[PDB]
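Reading through the structure tokens given below for one structure.
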Amino acid sequence: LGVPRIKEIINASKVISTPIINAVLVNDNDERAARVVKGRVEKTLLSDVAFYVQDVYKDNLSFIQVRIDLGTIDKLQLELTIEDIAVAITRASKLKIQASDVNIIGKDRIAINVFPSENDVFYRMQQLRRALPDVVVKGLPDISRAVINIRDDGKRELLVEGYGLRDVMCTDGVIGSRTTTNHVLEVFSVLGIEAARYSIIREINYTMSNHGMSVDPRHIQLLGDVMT
Amino acid sequence: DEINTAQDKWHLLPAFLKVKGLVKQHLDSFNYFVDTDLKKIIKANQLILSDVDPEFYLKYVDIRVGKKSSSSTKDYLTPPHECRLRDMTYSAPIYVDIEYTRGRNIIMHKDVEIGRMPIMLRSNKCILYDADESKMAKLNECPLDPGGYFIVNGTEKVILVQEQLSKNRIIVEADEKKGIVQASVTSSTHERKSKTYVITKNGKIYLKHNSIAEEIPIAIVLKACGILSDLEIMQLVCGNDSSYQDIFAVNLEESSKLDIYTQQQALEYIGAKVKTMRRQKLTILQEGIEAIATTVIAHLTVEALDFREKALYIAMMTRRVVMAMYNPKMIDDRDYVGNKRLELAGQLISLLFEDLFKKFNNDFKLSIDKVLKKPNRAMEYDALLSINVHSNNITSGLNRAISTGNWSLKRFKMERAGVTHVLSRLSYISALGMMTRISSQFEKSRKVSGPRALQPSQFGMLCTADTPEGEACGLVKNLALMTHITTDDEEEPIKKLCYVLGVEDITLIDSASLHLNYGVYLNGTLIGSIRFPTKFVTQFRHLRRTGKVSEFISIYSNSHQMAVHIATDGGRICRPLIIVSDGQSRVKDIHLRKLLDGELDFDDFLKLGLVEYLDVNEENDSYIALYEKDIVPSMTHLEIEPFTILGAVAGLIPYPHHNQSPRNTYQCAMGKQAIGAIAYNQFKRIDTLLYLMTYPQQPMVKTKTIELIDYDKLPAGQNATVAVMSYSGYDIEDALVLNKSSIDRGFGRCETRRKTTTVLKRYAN
Amino acid sequence: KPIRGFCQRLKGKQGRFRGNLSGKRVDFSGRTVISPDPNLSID
Amino acid sequence: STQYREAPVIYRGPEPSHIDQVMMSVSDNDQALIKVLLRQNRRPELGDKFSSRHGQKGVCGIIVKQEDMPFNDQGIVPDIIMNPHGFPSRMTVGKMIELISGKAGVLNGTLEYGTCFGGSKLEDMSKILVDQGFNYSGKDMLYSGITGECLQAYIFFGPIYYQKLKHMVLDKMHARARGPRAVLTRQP
Amino acid sequence: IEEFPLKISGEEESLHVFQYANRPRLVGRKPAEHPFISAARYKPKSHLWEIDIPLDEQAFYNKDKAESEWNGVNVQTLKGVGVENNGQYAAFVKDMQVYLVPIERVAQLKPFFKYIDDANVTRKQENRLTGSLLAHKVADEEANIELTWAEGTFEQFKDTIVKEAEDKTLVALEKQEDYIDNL
Amino acid sequence: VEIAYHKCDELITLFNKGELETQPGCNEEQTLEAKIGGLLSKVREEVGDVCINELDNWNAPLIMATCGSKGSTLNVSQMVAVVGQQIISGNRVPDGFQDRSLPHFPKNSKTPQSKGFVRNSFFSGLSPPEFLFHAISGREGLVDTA
Amino acid sequence: XXXXXXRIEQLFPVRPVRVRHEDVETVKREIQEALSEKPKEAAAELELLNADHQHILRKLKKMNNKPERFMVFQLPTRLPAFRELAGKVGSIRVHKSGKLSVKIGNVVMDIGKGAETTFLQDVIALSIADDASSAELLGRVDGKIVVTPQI
Amino acid sequence: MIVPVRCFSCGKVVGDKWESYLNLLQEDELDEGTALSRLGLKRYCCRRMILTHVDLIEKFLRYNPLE
Amino acid sequence: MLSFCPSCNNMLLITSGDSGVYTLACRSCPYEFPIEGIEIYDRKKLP
Ligand SMILES: [Zn+2]
Ligand SMILES: [Zn+2]
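Residue numbers (the numbering used here), protein chains in the order written: chain A, 11 to 238; chain B, 1338 to 2102; chain C, 327 to 369; chain D, 932 to 1119; chain E, 168 to 350; chain F, 8 to 153; chain G, 57 to 207; chain H, 22 to 88; chain I, 51 to 97.
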């Protein structure tokens, strides 16, 4: 929030340290009003909802099992029971090695079949039981974390730490009209050049008003104009 | 009036400085060099041989500096001030004895000179050693000059204390974004200096070495080092811990992912990537290259069919990387004063002399070859002429390195500059603070203020206020008032003593119980485990206090990493502290009475175990009391005198604890620039620039340090009658109002003295 | 590697552009310590 | 290198110097060596730099005649006047304690101590000051030198150790109209 | 308050200790079975213990891959060196007395894969020498010292130990104050 | 300061032996750090206000702070009453030793004295550990200006 | 240990003893001697050392006539002056309160239970002679004793 | 070096007091304060001129080049 | 799995041999643990 922030803005860095998306909501409550949206925007949840990942072998069949718990999904108000986890696992597993036939055995236990110059089955099983917990079953695959905040008042908003603004505007329970990131290059790709120059002006003003500097806003407007 | 130990214990500080002065790092290092390291260099390069004529061996049997065996008395040296005047080097000859064979079966000695060694002022070899100010007056020397510097070509050159990372020690260092964890040891042996990394890449621990072409999977290296059970590898790098085993299982499996392995197979995998050796001994490119691959992988020379030491070293390094991976903050801080070693003028000059002596011997062997390469008329008579003419290269190299500060060492293959600086003669305190100066290691990534930060661990080791302004700020550090820089002590008798004290050797124990008890280390190297580590540490400290082991050997027990470390190397900064036992301080004012009476000097306080030196790592285990009035039974040591946390220069400030600290640092800068008295011979000197105050006055408010360092004898300033008031409007923003007629009467009067040198040189025609 | 080429006469702080072309040593200039004077006009 | 081109050593100094040592000698390599030491007495002027062991440096801004300086009951005048605005922001209370300690020290006949985490105690110095007839806080009542009236504030007044720093405006003053130019750039 | 004498014996006797880094010290409440040992090897001046304990072909043996990959894999090979370590003694109690016999070159017997070495050699089949280079060059040049086996003979050794300890007895005359500086 | 030292110490005893209520944004280590940081800042503020209100009229630093020529009430309170808390890299002074700032404090100590709170004023003078902590903060400022 | 990962007892896939990090220490003090089942740091180690003294004495009174057991004793290398050394060096004299001590000569030193080594230790007697050579195995080791000089 | 002739502040002649102050300290030994007051150095500036003077000329004369 | 050979304590691996049997087939040693109507499961708790 100082000279480094101004340096990043003027360099127009496509990646910045600490991006924040200030997504206001449509409802005012914690229980099942803010936390529902917060669940809609989160980093990784399979490790959060598995409560263990198994490695089952038999005479001839190798099953990667994960007995999901409903307690986490109900306490942390998420919206996914089995099949959402399954489809997320498919793309993730296909991305790393592959995903041919994922199965569900019921009772919240999704079972992944693994089948075939030797020991490839064991190597794939090892890397699978490693890389399986760290997959995204809910939320956005770019958000660092999500925090629900208070602007020294009574309404509650979530400031998220991700790199997706279109997705957060499109998520339900968030006003897409009033949702502002710190990221000028993210505003430009999503909202356009005029909103981007608004963002440049506003962020430089914010950086110069937290320090008690007094710079006439016409200088900042000229800087944004010359940039855009 | 009876001694009150709560206030007379500070007399340990004058007693300490009476025998271990402010310029003692330099003097001790140069004395050690000219007294043992010259003999060690001669023994190392004892014989120089030629390919032809096996009936010929030229031996180096004895070396000396500044004294022949023809006369009992020492050689005549030109006095250092005469060297300053005539622009000569203050140097002593380097005398050796030679066994060179005659043709007709004759064996004989001699005492020949192989150059001139520049002599540090007030060293063992210096004419100023033990002079009583009458000899000093006759020699035109100031008795208050610190010494500790060289005169080469009439210029006073100090080899500044250099601060580097500890050699042969593992530093774990994690990272963010990249998410690597890197443990590195700089193995600085006598003949080689190499870095052995243990990286993390894609969740897998690897080993990286400059010689090796590729980063090697770690389990492959652990198998190559005799640890092939593939279960003890897990028991060596994780022990019994669910998290660590989970982290390391990937590397365990990648051992087999290539293929299943034996020791010799892993050795072959290591040897397939050892780059080359400049195409000599080419007949060894086989499995037989792994041996020097593994004995070059670190500073632990393995010379047998056992790899216990090196294998466990690699395993401990890997365990450190794994602990850092699981729990960050388990990494070492590179700016911790326990991780720093101070190399000194003696060690620098030793490296320089050994390299110049190797070049001398190579050239001398070649000249011998040329002389003896004739068919006929090859009389052996006077083989020493080529030594009478090639001896000037030693003198020239030593003079050039000290004069320029550039150190071209080919063996270690580094070119460093700025080693020596001109002794600043702006003021007496300027010279004194130039000594006790420490320059930090380069390549610190100066963009950041990590090393520039003041560390809490430098308390009482480095001056808290004496750091420069400008670019250098924390990069230049000064020694605190009462400190000591340890010397290399032999680790062999200490390891035997550890075995005597209950350390079962590292070869008798199994892997499963390795992380069940504390493991005893020795200069970072695991030498066994110990039952009752605290009792072992206590017995070791008792042995150190009773004088059985050396007092500069430090032992400390680390509790997070279950280890008992013993350090014996030099370059550790340490300070004396009063031992507190059973809630009582051990000095108890009878020893203070004897100390004030004249007997019972400071070193008797060590020979009776009343005080001991603590380096920074031992303070990690101590519990030090600032004053005797606040000792609790849990405490271990007592401060001798808390103001010793400031160096010599900051000791000029009166009441520095009532000032805001940047003002104290600014005074550290300004005092070095104060105009005053330089030396008692400052009018006999002919210097390039000299500012002298006409009527110096000693401060009305001095400190203990001022009289300890004798600043009250050569003060830089005057006691101005000062009125603190706004006046005339010409005193705004720090401007001063000076009294005319104080100036007229000599207040603030000073003179500049400048030297111009010409040479009436001679010409070819 | 001290050899000084044309691309080193141009490049840098003390090179050609940044050292001579926009920013250079000037004639009829001076420098000394400053002192206060409250009797001078501010201009 | 018969005929000898002149290469005299010219003194190029703004202010005159004196010759106090001429040393004729030979160096180690046989050839004559000449050293001439030039001494230059300096009188403090405007722009000369002084410091007080507490990081409160500052140039001489004015040199005033003694009668213009304020004086106390005994006619003592300051040699230096340190502006009071340098204290509140720099927070060098050790400088004030040094003034009081040095004042009590000269009055008592003893050099005092300002040793870190110790030194001469402020209350003992105050006792000396009161016993000698001075205010305990080191503030004497002064008379203005230019009007003669009592100053309406008591002035913190006493000895302070001052260092003349090597930075003297005589060595800093520089003025160039036209002179040498670089052979390459033709620039000054 | 009672006494337990110490006897030192076996000056010329040479003793070794094996440390099997492969077999646990005990698998239940009683010590584990001593592994059957047959066809031992050793090397003088190089001190390489090599032991070949035969495995179980009855179960958990994988005969087909065993014989297809490496011809003779009946015997599990344990290889290790003996390391000099002073102050090491072996002890037992005979008549309320403890008898100490010095150990020489204790060894940690790791599993050995000789058949893998030779199978790989048959797969691949188609000068000062200081430091540890000399060690392995010696190992593969001056080698091949067979060594017979004889277990169970303990009584002759024990009755030698007792005999050599009842004939000699000497007094300690050096002060404990000089002993601390003799460490 | 005694009523504030006891508060910080009982927070330490809670965080150690039991469990103190972790903040929504801060875990046990950050909760305690922010808690007693706010405590120490408030206590320095109170002592400063008492100092400023007690100061005499014609007090020179007070005059210079009132007119705005030089210095602030914070500087006056540091000179007279208390040099509050030495903030290094944005928080209390770190551990230069094994889970401990100085060997002159017990190991695993998070008391204000041991972590950079300077109970003294510049008038009363700093004890050696406060002197070191203050030098660390001031050196950070100096390196920052470089 | 902890939640471990699942004809002949001694020929089953040998899994590592696994414990979590939350109490990796509390396991350690129990499984220092639990891996044996043999037939504040000041007071704590003193109690440990005394308990080990009792365990050593139990082992010795269990050793009184056994023909196969052994117990390796670690002794200082440069012993008190009397290897060419033979006979009655000294004794393991047991003090009061249940603690042991050793007088290797006139000097007095205290005993210790050494390190635990959870692997088989077998003692052999190499006998190489020109006629024939044999590896006279004798027995197995039951634990190590360390004897350290005291002041 | 050598004692100033005049007090820097008042201008009082203190250069005739150095030898007598040394004699009062050495012979008939007195305190520095009483010795200073016995010489008429009442003002603290005048007392400073003598109390703080360092007599470097006596050291500089040990290096006499015209012996 | 993290399973080690009873013979050489090396790392154990599963293999698909004749008739697809999932044996724990050690390398570097003639070891094999055939699974005969048994389940070998190595799970890890997740927070
Ligand atoms: Zn006067
Ligand atoms: Zn195996």
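Note that CB positions come from ideal geometry on N, CA and C, so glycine has one too.
From the beta-carbon of residue 1068 of chain D, no residue of chain F is found nearer than 9 angstroms; the closest lies around 12 angstroms away. Straight through space, the alpha carbons of residue 49 of chain F and residue 1881 of chain B are spaced by roughly 49 angstroms. Taking 9 angstroms as the upper bound on Cβ-Cβ separation, chain I lies near residues 1579, 1582, 1583, 1586, 1589, 1590, 1592, 1593, 1596, 1597, 1598 and 1599 of the region 1578-1611 of chain B. The way I'd put it, the region 1927-1946 of chain B doesn't touch the region 1998-2017 of chain B; fewer than three beta-carbon pairs between them come closer than 8 angstroms. Considering only beta carbons, the part of the region 31-54 of chain H lying closer than 7 angstroms to chain D consists of 31, 52, 53 and 54, in chain order. The contact set of residue 68 of chain G on chain I, defined by CB atoms closer than 9 angstroms, consists of 56 and 83 in chain order. A direct Cα-Cα distance of roughly 39 angstroms separates residue 87 of chain G from residue 327 of chain E. In chain order, 2058, 2060, 2076, 2078 and 2079 make up the part of chain B whose C-beta sits under 9 angstroms from the C-beta of residue 1008 of chain D.
Taking a C-beta distance under 7 angstroms as the contact criterion, residue 172 of chain G and residue 181 of chain G do not qualify as a contact pair.
The DSSP-derived three-state label of residue 1974 of chain B is strand. In the structure shown, the three-state DSSP call for residue 1928 of chain B is helix. Residue 64 of chain H has its CB nearer than 6 angstroms to a heavy atom of ligand 1. Chain-ordered, the chain G residues with CB closer than 8 angstroms to the CB of residue 1869 of chain B read 101, 104, 105 and 168. With a cutoff of 7 angstroms on beta-carbon distance, residue 149 of chain F and residue 1810 of chain B are scored as near each other. Between the region 1536-1556 of chain B and the region 1651-1668 of chain B, the count of Cβ pairs shorter than 8 angstroms is three or higher; the stretches touch. When B:1786, B:1879 and B:1435 are compared, the shortest CA-CA separation from residue 205 of chain G is found for B:1879.
When C-beta distances to chain B are compared with 9 angstroms, the residues of the region 88-119 of chain F below that value are 90, 95, 96, 100, 101, 102, 103, 104, 105, 106, 107, 108, 109, 110, 111, 112, 113 and 114, in chain order. Fewer than three pairs of CB atoms, one per stretch, sit closer than 8 angstroms, so the region 82-89 of chain A makes no contact with the region 107-117 of chain A. Among the bridge pairs identified by DSSP, residue 1454 of chain B is matched with B:1429. Cβ neighbours of residue 12 of chain A within its own chain (closer than 7 angstroms, five residues either side excluded): 217 and 221. Going by DSSP, residue 1732 of chain B is part of no beta strand (DSSP E) but of the alpha helix (DSSP H) stretching over 1729-1741. The beta-bridge partner set that DSSP reports for residue 1744 of chain B consists of B:1753. Within the chosen limit of 6 angstroms, ligand 1 does not reach the beta carbon of residue 2077 of chain B with any heavy atom. Boundaries for residue 153 of chain A: no beta strand (DSSP E) harbours it, and the DSSP string shows neither H nor E there.
In terms of Cα proximity to residue 1889 of chain B, the closest of B:1821, B:2075 and B:2094 is B:1821.
Set against 6 angstroms, the gap from the CB of residue 57 of chain I to the closest heavy atom of ligand 2 is smaller. Cα atoms of residue 1622 of chain B and residue 1370 of chain B: separation of roughly 41 angstroms, rounded to the nearest angstrom. Residue 111 of chain G has a beta carbon lying at 7 angstroms or more from every beta carbon in chain B.
Using a CB distance below 7 angstroms, no part of the region 1443-1469 of chain B faces chain D. With the rule of 3 Cβ pairs closer than 8 angstroms, the region 1670-1685 of chain B does not count as touching the region 324-338 of chain E.
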